[PDB]
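Structural description and commentary
For reference, the chains in residue letters:
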Amino acid sequence: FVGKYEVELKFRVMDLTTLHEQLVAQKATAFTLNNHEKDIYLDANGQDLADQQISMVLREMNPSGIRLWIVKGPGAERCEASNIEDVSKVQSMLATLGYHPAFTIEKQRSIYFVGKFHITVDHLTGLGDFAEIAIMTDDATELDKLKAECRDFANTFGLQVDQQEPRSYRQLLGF
Amino acid sequence: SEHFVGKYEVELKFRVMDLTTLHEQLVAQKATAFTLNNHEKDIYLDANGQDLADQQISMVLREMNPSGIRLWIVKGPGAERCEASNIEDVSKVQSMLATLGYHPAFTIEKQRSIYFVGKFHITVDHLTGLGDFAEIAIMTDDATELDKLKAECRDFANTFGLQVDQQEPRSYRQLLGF
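Residues numbered from 1 in each chain as written, not as in the entry; some residues may be left out. Chains lettered and ligands numbered in written order. Heavy atoms only, no water. Residues with missing side-chain atoms left out of burial classes, pairs and counts.

Bringing the UniProt feature "binding site: Mn(2+) 2" (unreviewed entry) in chain A into the picture now. Residues and elements named next belong to chain A. Here the UniProt feature "binding site: Mn(2+) 2" (unreviewed entry) sits at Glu6 and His118. Despite a sequence span of 113 residues, these residues sit close together in the fold, their greatest C-alpha distance being 10.6 Å. Looking at where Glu6 falls in the secondary structure, it is placed in strand β1 (residues 5-12). Residue contacts for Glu6: discarding those within four places in its chain leaves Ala76, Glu77, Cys79, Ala134, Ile135, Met136 and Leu143. (UniProt positions renumbered as here; feature names shortened; annotations may be inferred. Helix = DSSP H or I, 4+ residues; strand = E, 2+ residues; numbered from the N terminus. Contact = heavy atoms within 4.5 Å.)

Okay, structure coming up:
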């Protein structure tokens, strides 16, 4: 986290033993490990933000205790977040503005770093094991170049186009 | 600097032209000077033709210097409703709010001092056009005790020499015409 823009590639994980072998070998640093994460998705009037390709999430990470208010979009390559003190409080603030819980997504999540690359290891119940590879930038001009780098890095990680999942978590759940 | 908050804020505002009793009372009760003489910049955000204002809602990004207090505030609808959150990065939250449709509508600047006597927040304000004001407020998570907390505020105000004579119930935005 530090960058308005990002490219991300998301992948199904068939084998977590080999993933964790790449993480040791790449000398990734562990940010957070096996957190329970709860994402409250919020929207006005059924679908006001959904319709502009924006998602707004109130996210809590347990046991790390990270609390984030996140605006994703418009589209796939835009995302900004703020660290918040109190999820219940920001929720009520946004409710006053007319944003109400649309649905929730829960997951288990670990976050690793390899230089500028974030590796996120996800497990959802209704779906399975995922990895997400992402780089962020504040430079709008570099975004197109980050696409090639993110692809090259993922391949290095043994996570190739054949195992790619281009559907978001909210799409995979019909939300 | 972090400020600790609530859901409702019961508040009485007064125009003041000397602060003798108020100063004497702060000293006598050994008031906590939370921060004194801060420059405070309030960026009021709104959508479209003033959609928030049209709901009796104000939404503010507040910075205070030198304390470095940074707050995201939703005021209303109306009267006693007020919720606030410490934020780390004003430009970030401003950028996120813009993606939602909220954009700066106007700014209000003030000099502000903040004191605590127990649950009472004492605020002393100077605004360029308007003059000097003092507010006594209490916050609460209890909607049912509002009028009782009004009487408590009134009693306190009077002990501080702030008389009903001087009361200014209009908000700063209302006094400026914004």
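A few words on the side chain of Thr99 of chain B. Within the element layout of this structure, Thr99 of chain B appears in helix α2 (residues 90-99). In this structure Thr99 of chain B comes out as buried when scored by relative accessible area, which is 18%. Beyond its immediate chain neighbours, meaning those up to four positions away, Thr99 of chain B contacts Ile54, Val71, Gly73, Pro74, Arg78 and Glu80 of chain A. (Buried < 20%, exposed > 50% of the residue type's maximum accessible area, 1.4 Å probe, protein only.)

With that out of the way, let us pick up the sheet that holds strand β3 (residues 58-65) of chain B. All names here are of chain B. Taken together, the eight strands give an open sheet; going across it, the order is β1-β8-β7-β6-β2-β3-β4-β5, and neighbouring strands pair in antiparallel fashion. The two strands at the open ends of the sheet, each matched to only one other strand, are β1 (8-15) and β5 (82-86). Neighbour-to-neighbour, the strand axes of this sheet turn through a mean angle of 30°, independent of strand direction. The sheet contact formed by β1 and strand β8 (residues 131-140) spans eight bridges and is antiparallel. Paired with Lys13 across the two strands is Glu135, which belongs to β8. Lying on the sheet, α2 is in contact with β2 (32-46), β3, β4 (70-75) and β6 (103-117); it crosses β3 at an angle near 165°. (Pairing = 2+ DSSP bridges. Axes fitted to C-alpha atoms, helices over the stretch in contact; angles between N-to-C directions.)

This brings us to the UniProt feature "binding site: Mn(2+) 3" (unreviewed entry) in chain B. Residues and elements named next belong to chain B. When the UniProt feature table is mapped onto this chain numbering, "binding site: Mn(2+) 3" (unreviewed entry) sits at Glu11 and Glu135. For the annotated residues, spread through 125 residues, the largest C-alpha to C-alpha distance comes to 6.6 Å, consistent with a single compact locus. Restricting the annotated residues to those that line the second largest pocket leaves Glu11 and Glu135. Turning to its location among the elements, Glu11 is positioned in strand β1. (1 Å grid on protein atoms, 1.4 Å probe; cavity = no way out; pocket = protein on both sides within 12 Å on 5 of 7 lines; lining within 4 Å.)

Turning our attention to empty space enclosed by the protein. In this structure, the largest cavity occupies an estimated 40 Å³ of space. Lining the largest cavity, in full, are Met93 and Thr96 of chain A together with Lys7, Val74, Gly76, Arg81, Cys82 and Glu83 of chain B. Those elements giving two or more residues to the lining of the largest cavity turn out to be α2 (87-96) of chain A together with β5 of chain B. Of the residues in the lining of the largest cavity, the class split is three nonpolar, two polar and three charged. (Points joined across faces, edges and corners; volume = space filled by probe spheres on them. Nonpolar A, V, L, I, M, F, W, Y, C, P; charged D, E, K, R; others polar.)

All names here are of chain A. Here helix α3 (residues 143-156) spans 20 Å end to end across 14 residues, near enough to the 20 Å set by a 1.5 Å rise per residue. Tucked into the core, α3 has its buried residues touching β1, β6 (100-114), β7 (117-124) and β8 (128-137). A positive backbone phi angle near 75° is found at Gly158, which sits one or two residues after α3. (Expected span 1.5 Å × (residues − 1).)

Glancing now at the sheet that holds strand β5 (residues 79-83) of chain A. To summarise the sheet geometry, strands pair through backbone hydrogen bonds and adopt either a parallel or an antiparallel arrangement. Residues and elements named next belong to chain A. The strand order β1-β8-β7-β6-β2-β3-β4-β5 describes an open sheet built from eight strands, whose pairing is antiparallel. Each edge of the open sheet carries a strand with a single partner, namely β1 and β5. Within this sheet the neighbouring strands show an average axis-to-axis angle of 30°, counted without direction. As paired strands, β6 and β7 are joined by seven bridges and run antiparallel to one another. Residue pairing in the sheet places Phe113 in a bridge with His118 of β7. Here α2 sits on the sheet in contact with β2 (29-43), β3 (55-62), β4 (66-72) and β6, set at roughly 165° to β3.

Listed per partner, the contact involves 24 residues of chain B and 23 residues of chain A. Approximately 2,100 Å² of surface area, both sides summed, lies buried where chain B meets chain A, with 60% of it carried by carbon and sulfur atoms. On the surface where chain B and chain A come into contact, there are zero salt bridges. Of all elements in the fold, only β4, β5 and α2 of chain B reach the threshold of two or more residues within the side of chain B that touches chain A. (Buried area = accessible area lost by both parts, 1.4 Å probe. Salt bridge = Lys/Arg side-chain N within 4 Å of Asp/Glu carboxyl O.)

Here we take up the UniProt feature "binding site: Mn(2+) 3" (unreviewed entry) in chain A. Residues and elements named next belong to chain A. Per the UniProt record, "binding site: Mn(2+) 3" (unreviewed entry) is annotated on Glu8 and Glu132. Tracing the chain through its elements places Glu8 in strand β1. Among residues more than four places away in sequence, those in contact with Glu8 are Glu132, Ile133, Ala134 and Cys150. Tracing the backbone shows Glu132 in strand β8.

This part is about the layout of surface pockets. Residues and elements named next belong to chain B. In this structure, the second largest pocket spans a volume of roughly 1,300 Å³. Here the element with the most residues in the lining of the second largest pocket is β1; it accounts for five residues. Here the lining of the second largest pocket is composed, by residue class, of 20 nonpolar, 10 polar and 17 charged.

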